[PDB]
Amino acid sequence: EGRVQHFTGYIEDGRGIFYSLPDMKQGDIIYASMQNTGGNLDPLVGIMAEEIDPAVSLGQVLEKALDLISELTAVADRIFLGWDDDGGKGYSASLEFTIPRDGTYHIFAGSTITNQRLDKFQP
Amino acid sequence: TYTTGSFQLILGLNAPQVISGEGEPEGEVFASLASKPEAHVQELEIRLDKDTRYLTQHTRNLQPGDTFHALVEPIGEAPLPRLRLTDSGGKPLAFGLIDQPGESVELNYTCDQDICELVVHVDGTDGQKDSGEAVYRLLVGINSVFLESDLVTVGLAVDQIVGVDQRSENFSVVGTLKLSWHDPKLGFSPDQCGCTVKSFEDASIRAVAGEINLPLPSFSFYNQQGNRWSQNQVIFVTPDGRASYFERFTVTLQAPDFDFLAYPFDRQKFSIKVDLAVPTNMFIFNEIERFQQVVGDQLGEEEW
Amino acid sequence: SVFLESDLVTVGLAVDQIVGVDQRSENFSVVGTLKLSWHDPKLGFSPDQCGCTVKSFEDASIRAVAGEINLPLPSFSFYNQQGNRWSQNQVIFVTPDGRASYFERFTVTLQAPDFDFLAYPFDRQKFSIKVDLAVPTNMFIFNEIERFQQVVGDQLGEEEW
Ligand SMILES: [Ca+2]
Ligand SMILES: [Ca+2]
Ligand code: NA
Ligand code: NA
């Protein structure tokens, strides 16, 4: 009947927290759901088997007054094997991922890059 | 006439409980939503002064499955502005792509959630405002494309100029205030009361909005000193969404537009400013109601 | 950031009318405009609930809004206030970011025993409008002065003082 875990955490600056999954199996289906419980955080949840650092070029995407959906889509799709953007529940802060091969994987729990204001667009 | 609003529909197949007011969902599904779509398109010429250089317009309400197109164009040789679309929260859904010739910055989007509630942005953030008059044609569409401010007709009349403080540069006046305004979201359904009219008495538009938890055109006398003595205060709401406010009042107002330099041969301005307390994008004054003589001629009285 | 720092408020003031001076009782009255803007992440508004950038609390005292929200805010008092103040267009705005602002046109009566009328009419005077916080330095402090409008507004004909 499925197996479930709970976690609570804090995204401090925008930069995310890593959770390690050892002994993942070929075929097994990972379900992840990330809900805001305080602050203005719009969640981003993702999966990767290799630890290469998202903060630096996500930092570089912020620097661009550039469109952006395409720029962020391209970066995300390249850095994560599967990913999803909080958008409350409208963007269904949640994914389903079937594990391609045996090994240790890591899920990323953090912030997306969004605009919050109507008075100016500064994401 | 035809009537409007929201409803709860209970459908039952071999279920006598449904005609008794009793809808608890049960059993196998038999029914749902039955069927290009319908389109809606709007003009507006937006204008971008030194005063106003970012502008946003809240869209009204797209069904999952709906496509949104928008195009800006220069009126004179004014610069191509930055265009984008966004949700009510400000998360971006699109950007403006400047076109093949380079005369129109166009943008495109079709809709995800069972409510998409979109917001269009255009900015003249790009350069220093040289004479502050570059103006644009904005085209918009889905497939009343923009949700509009409901329109209030305000009226005022004065019965007595009852005090003038020459030292402190203020005065006092007695008068009558009326606002009438048609908002469907106000709508009273008649069988509850058994009447055409619902009355709220002895309270401030503000207070009634709070009680009802909806938006209303609240206001303040701009230069009011302290408190105002308001009598025959009332707000009327009919079923239709037609609404009215009536208030005789006695208010004390600061007017530093006084100059007493050529006293007694001076002349003066008594200005009674009534501002709203909500932006232009929700309510605006649209008409002036001459509901009575504006200034009430008792001439013997005489001081001013 | 290993020690907990006071969040930093930028306050601003401007006067529109010097409307009363009581020379006997050594006080005066003034009409003006008060603004405090201050960034506190702890009332972060998440946008999809309201469907807006802005959350507004209107017609109440920072104190009262803190009480309603049950969190800490930079409340203040005009220091030498006599009796009550007539406050209009009162409001406090909070965006998602934790950026917050207070706006209040007011009409207040202030005790100034810094009056000396010894060389009347050749006397000169100080109208001081002191705005203290009501919370210590270790929670909130004033960090900037906002020149949001002309501080004193030049109508020169008016003339008494
Ligand atoms: Ca003294
Ligand atoms: Ca004057
Ligand atoms: Na009089
Ligand atoms: Na005076």
# chains A, B, ... in the order shown; residues from 1 in each chain; ligands from 1
call {"tool": "residues_near_ligand", "arguments": {"ligand": "ligand 1", "cutoff": "10 Å", "atoms": "only C-alpha atoms and all ligand atoms", "output": "ChimeraX atom specification"}}
result
/C:23-27,111-118
call {"tool": "interface_residues", "arguments": {"of": "chain C", "to": "chain A", "cutoff": "6 Å", "atoms": "only C-alpha atoms", "output": "ChimeraX atom specification"}}
result
/C:44-46,53,96
call {"tool": "write_last_selection", "arguments": {"atoms": "N, CA and C atoms", "output": "PDB file, in the first residue's frame"}}
result
ATOM      1  N   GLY C  44       6.043  37.169   6.081  1.00  0.00           N
ATOM      2  CA  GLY C  44       6.208  36.959   4.574  1.00  0.00           C
ATOM      3  C   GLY C  44       4.818  36.502   4.192  1.00  0.00           C
ATOM      4  N   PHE C  45       4.191  37.194   3.220  1.00  0.00           N
ATOM      5  CA  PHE C  45       2.948  36.783   2.619  1.00  0.00           C
ATOM      6  C   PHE C  45       3.169  35.896   1.390  1.00  0.00           C
ATOM      7  N   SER C  46       2.566  34.706   1.309  1.00  0.00           N
ATOM      8  CA  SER C  46       2.709  33.869   0.123  1.00  0.00           C
ATOM      9  C   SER C  46       1.533  34.173  -0.801  1.00  0.00           C
ATOM     10  N   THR C  53      -0.122  40.956  -4.818  1.00  0.00           N
ATOM     11  CA  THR C  53       1.157  41.391  -4.308  1.00  0.00           C
ATOM     12  C   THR C  53       1.014  41.968  -2.895  1.00  0.00           C
ATOM     13  N   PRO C  96       4.621  40.225   0.381  1.00  0.00           N
ATOM     14  CA  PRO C  96       5.298  38.928   0.373  1.00  0.00           C
ATOM     15  C   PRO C  96       6.750  38.845   0.849  1.00  0.00           C
TER      16      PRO C  96
END
call {"tool": "residues_near_ligand", "arguments": {"ligand": "ligand 3", "cutoff": "7 Å", "atoms": "only C-alpha atoms and all ligand atoms", "output": "list in words"}}
result
residues 161, 162, 163, 164 and 303 of chain B
call {"tool": "residues_near_ligand", "arguments": {"ligand": "ligand 4", "cutoff": "12 Å", "atoms": "only C-alpha atoms and all ligand atoms", "output": "PyMOL selection string"}}
result
(chain B and resi 165-170+256+258) or (chain C and resi 17-23+28-31+158-161)
call {"tool": "write_last_selection", "arguments": {"atoms": "N, CA and C atoms", "output": "PDB file, in the first residue's frame"}}
result
ATOM      1  N   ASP B 165     -12.400  79.613  10.915  1.00  0.00           N
ATOM      2  CA  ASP B 165     -11.288  79.959  11.780  1.00  0.00           C
ATOM      3  C   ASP B 165     -10.166  80.544  10.937  1.00  0.00           C
ATOM      4  N   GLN B 166     -10.074  81.875  11.045  1.00  0.00           N
ATOM      5  CA  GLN B 166      -9.234  82.731  10.210  1.00  0.00           C
ATOM      6  C   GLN B 166      -7.745  82.637  10.645  1.00  0.00           C
ATOM      7  N   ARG B 167      -7.570  82.439  11.953  1.00  0.00           N
ATOM      8  CA  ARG B 167      -6.249  82.287  12.572  1.00  0.00           C
ATOM      9  C   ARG B 167      -5.611  80.955  12.146  1.00  0.00           C
ATOM     10  N   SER B 168      -6.381  79.861  12.307  1.00  0.00           N
ATOM     11  CA  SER B 168      -5.902  78.481  12.077  1.00  0.00           C
ATOM     12  C   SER B 168      -6.078  77.985  10.655  1.00  0.00           C
ATOM     13  N   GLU B 169      -6.561  78.852   9.770  1.00  0.00           N
ATOM     14  CA  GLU B 169      -6.753  78.590   8.328  1.00  0.00           C
ATOM     15  C   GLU B 169      -7.626  77.314   7.953  1.00  0.00           C
ATOM     16  N   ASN B 170      -8.768  77.139   8.648  1.00  0.00           N
ATOM     17  CA  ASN B 170      -9.702  76.017   8.501  1.00  0.00           C
ATOM     18  C   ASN B 170     -11.150  76.554   8.461  1.00  0.00           C
ATOM     19  N   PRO B 256      -5.665  75.666   4.086  1.00  0.00           N
ATOM     20  CA  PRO B 256      -4.598  76.671   4.135  1.00  0.00           C
ATOM     21  C   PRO B 256      -4.436  77.467   2.832  1.00  0.00           C
ATOM     22  N   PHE B 258      -6.509  79.645   2.487  1.00  0.00           N
ATOM     23  CA  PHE B 258      -6.731  80.944   2.998  1.00  0.00           C
ATOM     24  C   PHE B 258      -5.492  81.825   2.824  1.00  0.00           C
TER      25      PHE B 258
ATOM     26  N   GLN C  17       1.060  72.052   7.934  1.00  0.00           N
ATOM     27  CA  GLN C  17       0.470  73.219   8.634  1.00  0.00           C
ATOM     28  C   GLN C  17       0.857  73.420  10.110  1.00  0.00           C
ATOM     29  N   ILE C  18       1.343  74.591  10.485  1.00  0.00           N
ATOM     30  CA  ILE C  18       1.605  74.810  11.895  1.00  0.00           C
ATOM     31  C   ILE C  18       0.301  75.447  12.275  1.00  0.00           C
ATOM     32  N   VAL C  19      -0.610  74.684  12.858  1.00  0.00           N
ATOM     33  CA  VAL C  19      -1.983  75.167  13.112  1.00  0.00           C
ATOM     34  C   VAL C  19      -2.365  75.680  14.493  1.00  0.00           C
ATOM     35  N   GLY C  20      -1.446  75.762  15.442  1.00  0.00           N
ATOM     36  CA  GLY C  20      -1.791  76.312  16.763  1.00  0.00           C
ATOM     37  C   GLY C  20      -0.569  76.453  17.632  1.00  0.00           C
ATOM     38  N   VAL C  21      -0.478  77.539  18.397  1.00  0.00           N
ATOM     39  CA  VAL C  21       0.582  77.696  19.383  1.00  0.00           C
ATOM     40  C   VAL C  21       0.038  78.321  20.643  1.00  0.00           C
ATOM     41  N   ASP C  22       0.141  77.600  21.731  1.00  0.00           N
ATOM     42  CA  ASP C  22      -0.276  78.074  23.039  1.00  0.00           C
ATOM     43  C   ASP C  22       0.955  78.494  23.822  1.00  0.00           C
ATOM     44  N   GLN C  23       1.109  79.819  23.882  1.00  0.00           N
ATOM     45  CA  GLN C  23       2.300  80.501  24.398  1.00  0.00           C
ATOM     46  C   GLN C  23       2.313  80.544  25.966  1.00  0.00           C
ATOM     47  N   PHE C  28       2.358  73.364  21.323  1.00  0.00           N
ATOM     48  CA  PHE C  28       1.784  73.745  20.026  1.00  0.00           C
ATOM     49  C   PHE C  28       1.070  72.633  19.300  1.00  0.00           C
ATOM     50  N   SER C  29       0.481  72.963  18.166  1.00  0.00           N
ATOM     51  CA  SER C  29      -0.197  71.958  17.354  1.00  0.00           C
ATOM     52  C   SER C  29       0.227  71.968  15.923  1.00  0.00           C
ATOM     53  N   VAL C  30       0.336  70.807  15.299  1.00  0.00           N
ATOM     54  CA  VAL C  30       0.854  70.699  13.917  1.00  0.00           C
ATOM     55  C   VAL C  30       0.131  69.616  13.119  1.00  0.00           C
ATOM     56  N   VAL C  31       0.051  69.780  11.812  1.00  0.00           N
ATOM     57  CA  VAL C  31      -0.513  68.789  10.908  1.00  0.00           C
ATOM     58  C   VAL C  31       0.636  68.290  10.037  1.00  0.00           C
ATOM     59  N   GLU C 158       0.848  83.142   4.041  1.00  0.00           N
ATOM     60  CA  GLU C 158       0.312  82.633   5.282  1.00  0.00           C
ATOM     61  C   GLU C 158       0.923  83.356   6.567  1.00  0.00           C
ATOM     62  N   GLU C 159       2.232  83.249   6.745  1.00  0.00           N
ATOM     63  CA  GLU C 159       3.082  84.185   7.528  1.00  0.00           C
ATOM     64  C   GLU C 159       3.171  84.312   9.037  1.00  0.00           C
ATOM     65  N   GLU C 160       2.300  83.772   9.886  1.00  0.00           N
ATOM     66  CA  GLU C 160       2.293  84.249  11.316  1.00  0.00           C
ATOM     67  C   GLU C 160       3.588  83.962  12.067  1.00  0.00           C
ATOM     68  N   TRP C 161       4.091  82.760  11.883  1.00  0.00           N
ATOM     69  CA  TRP C 161       5.398  82.336  12.398  1.00  0.00           C
ATOM     70  C   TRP C 161       6.192  81.869  11.227  1.00  0.00           C
TER      71      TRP C 161
END
call {"tool": "atom_distance", "arguments": {"atom1": "atom CA of residue B:100", "atom2": "atom CA of residue A:72"}}
result
24.7 Å
call {"tool": "select_by_dssp", "arguments": {"residues": "stretch 18-193 of chain B", "states": "helix (DSSP H, G or I)", "output": "list in words"}}
result
residues 18, 19, 20, 184, 185, 186, 190, 191, 192 and 193 of chain B
call {"tool": "interface_residues", "arguments": {"of": "chain B", "to": "chain C", "cutoff": "10 Å", "atoms": "only C-alpha atoms", "output": "compact mmCIF listing (two decimals) with N, CA and C atoms, in the first residue's frame"}}
result
# COMPACT_ATOMS: atom_id res chain seq x y z
N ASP B 87 0.70 35.88 -13.31
CA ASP B 87 -0.42 35.57 -12.41
C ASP B 87 -0.61 36.68 -11.36
N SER B 88 -1.67 36.57 -10.57
CA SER B 88 -2.03 37.58 -9.58
C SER B 88 -0.91 37.71 -8.54
N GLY B 89 -0.25 36.59 -8.24
CA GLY B 89 0.93 36.58 -7.37
C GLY B 89 2.22 37.14 -7.94
N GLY B 90 2.30 37.39 -9.24
CA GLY B 90 3.47 38.02 -9.81
C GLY B 90 4.47 37.06 -10.41
N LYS B 91 4.20 35.74 -10.40
CA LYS B 91 5.04 34.73 -11.04
C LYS B 91 4.83 34.85 -12.56
N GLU B 117 -5.89 33.31 -13.39
CA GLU B 117 -6.32 34.70 -13.15
C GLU B 117 -5.20 35.65 -13.57
N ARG B 167 -7.57 82.44 11.95
CA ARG B 167 -6.25 82.29 12.57
C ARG B 167 -5.61 80.96 12.15
N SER B 168 -6.38 79.86 12.31
CA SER B 168 -5.90 78.48 12.08
C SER B 168 -6.08 77.99 10.65
N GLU B 169 -6.56 78.85 9.77
CA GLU B 169 -6.75 78.59 8.33
C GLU B 169 -7.63 77.31 7.95
N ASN B 170 -8.77 77.14 8.65
CA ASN B 170 -9.70 76.02 8.50
C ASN B 170 -11.15 76.55 8.46
N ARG B 206 -16.92 51.64 5.05
CA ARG B 206 -15.88 50.78 5.60
C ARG B 206 -16.40 49.70 6.52
N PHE B 219 -14.68 56.26 1.40
CA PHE B 219 -14.12 57.60 1.15
C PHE B 219 -13.75 58.30 2.44
N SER B 220 -13.02 59.39 2.31
CA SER B 220 -12.82 60.31 3.43
C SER B 220 -12.84 61.74 2.91
N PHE B 221 -13.42 62.66 3.70
CA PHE B 221 -13.22 64.10 3.48
C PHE B 221 -11.74 64.35 3.69
N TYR B 222 -11.06 64.97 2.73
CA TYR B 222 -9.59 64.89 2.68
C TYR B 222 -8.92 65.61 3.83
N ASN B 223 -9.37 66.82 4.11
CA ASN B 223 -8.69 67.64 5.11
C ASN B 223 -9.38 67.66 6.44
N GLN B 224 -10.23 66.66 6.70
CA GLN B 224 -10.99 66.57 7.92
C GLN B 224 -10.12 66.78 9.14
N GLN B 225 -10.62 67.64 10.03
CA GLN B 225 -10.05 67.85 11.34
C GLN B 225 -10.90 67.05 12.33
N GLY B 226 -10.24 66.22 13.14
CA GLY B 226 -10.89 65.39 14.13
C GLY B 226 -11.98 64.48 13.59
N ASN B 227 -13.17 64.63 14.19
CA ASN B 227 -14.38 63.84 13.89
C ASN B 227 -15.43 64.63 13.15
N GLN B 254 -9.52 71.58 7.19
CA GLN B 254 -8.36 72.47 7.01
C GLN B 254 -8.14 73.05 5.59
N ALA B 255 -8.20 74.38 5.51
CA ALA B 255 -8.03 75.05 4.22
C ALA B 255 -6.93 76.07 4.28
N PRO B 256 -5.67 75.67 4.09
CA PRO B 256 -4.60 76.67 4.14
C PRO B 256 -4.44 77.47 2.83
N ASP B 257 -5.36 77.24 1.90
CA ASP B 257 -5.68 78.14 0.81
C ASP B 257 -6.27 79.48 1.20
N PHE B 258 -6.51 79.65 2.49
CA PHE B 258 -6.73 80.94 3.00
C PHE B 258 -5.49 81.83 2.82
N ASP B 259 -5.79 83.07 2.39
CA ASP B 259 -4.91 84.23 2.48
C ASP B 259 -5.78 85.39 2.92
N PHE B 260 -5.42 85.99 4.04
CA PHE B 260 -6.17 87.12 4.58
C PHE B 260 -5.44 88.47 4.43
N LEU B 261 -4.71 88.60 3.33
CA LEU B 261 -3.82 89.71 3.17
C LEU B 261 -4.56 90.98 2.84
N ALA B 277 -10.99 55.87 -0.89
CA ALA B 277 -9.98 55.19 -0.08
C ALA B 277 -9.57 53.82 -0.61
call {"tool": "atom_distance", "arguments": {"atom1": "atom CA of residue B:264", "atom2": "atom CA of residue B:301"}}
result
18.1 Å
call {"tool": "atom_distance", "arguments": {"atom1": "atom CA of residue B:110", "atom2": "atom CA of residue B:94"}}
result
10.1 Å
call {"tool": "select_by_dssp", "arguments": {"residues": "chain A", "states": "strand (DSSP E or B)", "output": "compact mmCIF listing (two decimals) with C-alpha atoms, in the first residue's frame"}}
result
# COMPACT_ATOMS: atom_id res chain seq x y z
CA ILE A 17 18.72 21.44 1.13
CA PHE A 18 19.88 17.99 -0.07
CA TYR A 19 18.27 14.68 1.09
CA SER A 20 20.13 11.43 0.12
CA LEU A 21 18.30 8.27 -1.01
CA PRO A 22 20.64 5.23 -0.81
CA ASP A 23 19.84 1.86 -2.51
CA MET A 24 17.26 3.03 -5.12
CA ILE A 29 8.57 5.14 -8.57
CA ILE A 30 9.45 8.20 -6.39
CA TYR A 31 6.59 10.59 -5.47
CA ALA A 32 7.56 13.98 -3.95
CA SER A 33 5.23 16.80 -2.70
CA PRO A 43 8.88 25.56 -3.71
CA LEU A 44 11.17 23.81 -6.22
CA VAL A 45 11.68 20.05 -5.86
CA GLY A 46 14.19 18.08 -8.00
CA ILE A 47 16.16 14.80 -8.32
CA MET A 48 19.85 14.15 -9.23
CA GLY A 82 13.49 15.41 -13.08
CA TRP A 83 12.12 18.61 -11.50
CA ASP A 84 9.07 20.60 -10.39
CA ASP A 85 7.94 24.21 -9.47
CA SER A 94 5.22 17.77 -6.76
CA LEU A 95 6.66 15.21 -9.21
CA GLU A 96 6.57 11.51 -10.06
CA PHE A 97 9.92 9.96 -11.16
CA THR A 98 10.66 6.34 -12.20
CA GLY A 103 22.20 3.58 -7.15
CA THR A 104 22.28 6.45 -4.62
CA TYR A 105 20.16 9.48 -5.61
CA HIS A 106 19.65 12.94 -4.10
CA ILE A 107 16.44 15.04 -4.16
CA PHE A 108 16.86 18.88 -3.96
CA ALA A 109 14.36 20.88 -1.83
CA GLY A 110 14.55 24.63 -2.33
CA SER A 111 13.26 27.81 -3.89
call {"tool": "interface_residues", "arguments": {"of": "chain B", "to": "chain A", "cutoff": "12 Å", "atoms": "only C-alpha atoms", "output": "ChimeraX atom specification"}}
result
/B:52-58,64,82-98,107-109,111-126
call {"tool": "write_last_selection", "arguments": {"atoms": "N, CA and C atoms", "output": "compact mmCIF listing (two decimals), in the first residue's frame"}}
result
# COMPACT_ATOMS: atom_id res chain seq x y z
N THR B 52 3.19 58.13 -14.64
CA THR B 52 2.78 56.74 -14.72
C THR B 52 3.68 56.10 -15.76
N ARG B 53 4.73 55.35 -15.37
CA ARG B 53 5.55 54.62 -16.44
C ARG B 53 5.58 53.05 -16.50
N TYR B 54 5.36 52.36 -15.36
CA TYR B 54 4.77 50.98 -15.30
C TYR B 54 3.19 51.01 -15.18
N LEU B 55 2.51 50.12 -15.95
CA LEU B 55 1.06 49.97 -15.89
C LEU B 55 0.68 48.48 -15.91
N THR B 56 -0.23 48.08 -15.03
CA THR B 56 -0.74 46.71 -15.06
C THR B 56 -2.26 46.68 -15.14
N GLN B 57 -2.78 45.64 -15.80
CA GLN B 57 -4.19 45.46 -15.98
C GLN B 57 -4.44 43.99 -15.64
N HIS B 58 -5.25 43.80 -14.58
CA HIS B 58 -5.76 42.49 -14.19
C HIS B 58 -6.72 41.98 -15.28
N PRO B 64 -9.49 26.62 -17.76
CA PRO B 64 -8.43 25.74 -18.24
C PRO B 64 -8.75 25.58 -19.71
N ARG B 82 8.54 47.15 -22.90
CA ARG B 82 8.69 45.78 -22.38
C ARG B 82 7.30 45.24 -22.04
N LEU B 83 6.97 44.05 -22.53
CA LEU B 83 5.65 43.47 -22.32
C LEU B 83 5.83 42.15 -21.58
N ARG B 84 4.91 41.83 -20.67
CA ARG B 84 4.84 40.50 -20.06
C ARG B 84 3.47 40.25 -19.44
N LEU B 85 3.22 38.97 -19.18
CA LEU B 85 2.00 38.48 -18.55
C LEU B 85 2.41 37.70 -17.29
N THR B 86 1.56 37.69 -16.28
CA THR B 86 1.92 37.21 -14.95
C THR B 86 0.61 36.80 -14.27
N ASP B 87 0.70 35.88 -13.31
CA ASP B 87 -0.42 35.57 -12.41
C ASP B 87 -0.61 36.68 -11.36
N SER B 88 -1.67 36.57 -10.57
CA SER B 88 -2.03 37.58 -9.58
C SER B 88 -0.91 37.71 -8.54
N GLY B 89 -0.25 36.59 -8.24
CA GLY B 89 0.93 36.58 -7.37
C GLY B 89 2.22 37.14 -7.94
N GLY B 90 2.30 37.39 -9.24
CA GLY B 90 3.47 38.02 -9.81
C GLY B 90 4.47 37.06 -10.41
N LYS B 91 4.20 35.74 -10.40
CA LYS B 91 5.04 34.73 -11.04
C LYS B 91 4.83 34.85 -12.56
N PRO B 92 5.93 35.02 -13.32
CA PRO B 92 5.80 35.29 -14.76
C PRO B 92 5.37 34.09 -15.58
N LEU B 93 4.45 34.31 -16.54
CA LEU B 93 3.95 33.25 -17.42
C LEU B 93 4.37 33.42 -18.89
N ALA B 94 4.89 34.60 -19.25
CA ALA B 94 5.30 34.92 -20.60
C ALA B 94 6.21 36.16 -20.66
N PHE B 95 6.79 36.37 -21.83
CA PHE B 95 7.49 37.63 -22.14
C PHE B 95 7.17 38.09 -23.56
N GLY B 96 7.29 39.39 -23.78
CA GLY B 96 7.07 40.03 -25.07
C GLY B 96 8.22 39.76 -26.02
N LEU B 97 7.91 39.26 -27.22
CA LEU B 97 8.91 39.04 -28.26
C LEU B 97 8.72 40.12 -29.32
N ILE B 98 9.73 41.01 -29.43
CA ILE B 98 9.75 42.09 -30.43
C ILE B 98 9.77 41.47 -31.85
N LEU B 107 3.20 38.82 -27.48
CA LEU B 107 3.31 37.87 -26.36
C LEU B 107 2.14 36.89 -26.48
N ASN B 108 2.30 35.69 -25.94
CA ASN B 108 1.40 34.58 -26.21
C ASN B 108 1.31 33.68 -24.99
N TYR B 109 0.19 32.99 -24.76
CA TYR B 109 0.05 32.08 -23.60
C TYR B 109 -1.29 31.38 -23.78
N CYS B 111 -3.90 28.57 -21.25
CA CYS B 111 -4.07 28.36 -19.76
C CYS B 111 -4.22 27.00 -18.97
N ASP B 112 -3.33 26.88 -17.98
CA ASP B 112 -3.21 25.62 -17.11
C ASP B 112 -4.25 25.16 -15.99
N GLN B 113 -4.54 26.02 -15.01
CA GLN B 113 -5.39 25.67 -13.82
C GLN B 113 -6.89 25.94 -14.02
N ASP B 114 -7.75 25.39 -13.18
CA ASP B 114 -9.22 25.57 -13.29
C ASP B 114 -9.69 27.02 -12.97
N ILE B 115 -8.87 27.73 -12.20
CA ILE B 115 -8.60 29.22 -12.30
C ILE B 115 -7.20 29.66 -12.71
N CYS B 116 -7.08 30.34 -13.86
CA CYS B 116 -5.92 31.10 -14.25
C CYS B 116 -6.56 32.44 -14.12
N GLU B 117 -5.89 33.31 -13.39
CA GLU B 117 -6.32 34.70 -13.15
C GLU B 117 -5.20 35.65 -13.57
N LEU B 118 -5.05 35.91 -14.87
CA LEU B 118 -3.82 36.58 -15.40
C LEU B 118 -3.72 38.13 -15.29
N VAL B 119 -2.48 38.63 -15.31
CA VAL B 119 -2.17 40.07 -15.18
C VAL B 119 -1.19 40.52 -16.27
N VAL B 120 -1.58 41.50 -17.08
CA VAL B 120 -0.72 42.06 -18.16
C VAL B 120 0.07 43.27 -17.68
N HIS B 121 1.36 43.31 -18.04
CA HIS B 121 2.31 44.38 -17.67
C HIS B 121 2.89 45.02 -18.95
N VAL B 122 3.02 46.34 -18.95
CA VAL B 122 3.75 47.10 -19.96
C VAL B 122 4.53 48.19 -19.19
N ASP B 123 5.85 48.29 -19.41
CA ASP B 123 6.70 49.30 -18.78
C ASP B 123 7.50 50.18 -19.77
N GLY B 124 7.61 51.46 -19.40
CA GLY B 124 8.52 52.44 -20.05
C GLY B 124 9.68 52.73 -19.13
N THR B 125 10.32 51.65 -18.69
CA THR B 125 11.41 51.63 -17.75
C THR B 125 12.75 51.87 -18.51
N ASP B 126 12.69 51.91 -19.84
CA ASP B 126 13.93 51.79 -20.61
C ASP B 126 14.78 53.03 -20.71
call {"tool": "residues_around", "arguments": {"residues": "stretch 285-294 of chain B", "least_positions_apart": "6", "cutoff": "9 Å", "atoms": "only C-alpha atoms", "output": "ChimeraX atom specification"}}
result
/B:151-159,178-179,276
call {"tool": "write_last_selection", "arguments": {"atoms": "C-alpha atoms", "output": "PDB file, in the first residue's frame"}}
result
ATOM      1  CA  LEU B 151     -18.639  53.301 -11.706  1.00  0.00           C
ATOM      2  CA  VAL B 152     -19.849  55.509  -8.918  1.00  0.00           C
ATOM      3  CA  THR B 153     -21.919  58.664  -9.279  1.00  0.00           C
ATOM      4  CA  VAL B 154     -21.184  61.010  -6.316  1.00  0.00           C
ATOM      5  CA  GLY B 155     -23.047  64.126  -5.277  1.00  0.00           C
ATOM      6  CA  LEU B 156     -22.669  66.858  -2.726  1.00  0.00           C
ATOM      7  CA  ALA B 157     -24.652  69.801  -1.460  1.00  0.00           C
ATOM      8  CA  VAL B 158     -24.053  72.385   1.277  1.00  0.00           C
ATOM      9  CA  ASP B 159     -26.856  73.819   3.540  1.00  0.00           C
ATOM     10  CA  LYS B 178     -24.773  60.738  -1.884  1.00  0.00           C
ATOM     11  CA  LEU B 179     -22.940  57.929  -3.745  1.00  0.00           C
ATOM     12  CA  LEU B 276     -11.960  57.579  -2.250  1.00  0.00           C
TER      13      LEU B 276
END
call {"tool": "decode", "arguments": {"residues": "stretch 63-86 of chain B", "atoms": "C-alpha atoms", "output": "mmCIF file, in the first residue's frame"}}
result
data_model
loop_
_atom_site.group_PDB
_atom_site.id
_atom_site.type_symbol
_atom_site.label_atom_id
_atom_site.label_comp_id
_atom_site.auth_asym_id
_atom_site.auth_seq_id
_atom_site.Cartn_x
_atom_site.Cartn_y
_atom_site.Cartn_z
ATOM 1 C CA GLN B 63 -10.993 28.468 -18.199
ATOM 2 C CA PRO B 64 -8.428 25.738 -18.242
ATOM 3 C CA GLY B 65 -7.871 25.365 -21.987
ATOM 4 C CA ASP B 66 -7.886 29.043 -23.089
ATOM 5 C CA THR B 67 -5.418 30.949 -25.242
ATOM 6 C CA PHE B 68 -4.392 34.585 -24.626
ATOM 7 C CA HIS B 69 -2.858 36.961 -27.209
ATOM 8 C CA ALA B 70 -1.720 40.582 -26.602
ATOM 9 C CA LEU B 71 -0.059 43.279 -28.758
ATOM 10 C CA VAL B 72 1.360 46.741 -28.103
ATOM 11 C CA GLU B 73 2.073 49.287 -30.838
ATOM 12 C CA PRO B 74 3.606 52.829 -30.930
ATOM 13 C CA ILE B 75 1.157 55.751 -31.567
ATOM 14 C CA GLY B 76 3.910 58.155 -32.825
ATOM 15 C CA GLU B 77 7.579 57.189 -33.155
ATOM 16 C CA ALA B 78 7.682 56.263 -29.429
ATOM 17 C CA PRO B 79 9.963 53.406 -28.125
ATOM 18 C CA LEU B 80 8.901 49.687 -28.181
ATOM 19 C CA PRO B 81 8.056 48.894 -24.500
ATOM 20 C CA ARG B 82 8.692 45.779 -22.385
ATOM 21 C CA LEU B 83 5.654 43.465 -22.322
ATOM 22 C CA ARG B 84 4.839 40.503 -20.063
ATOM 23 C CA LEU B 85 1.997 38.477 -18.548
ATOM 24 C CA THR B 86 1.916 37.209 -14.952
#
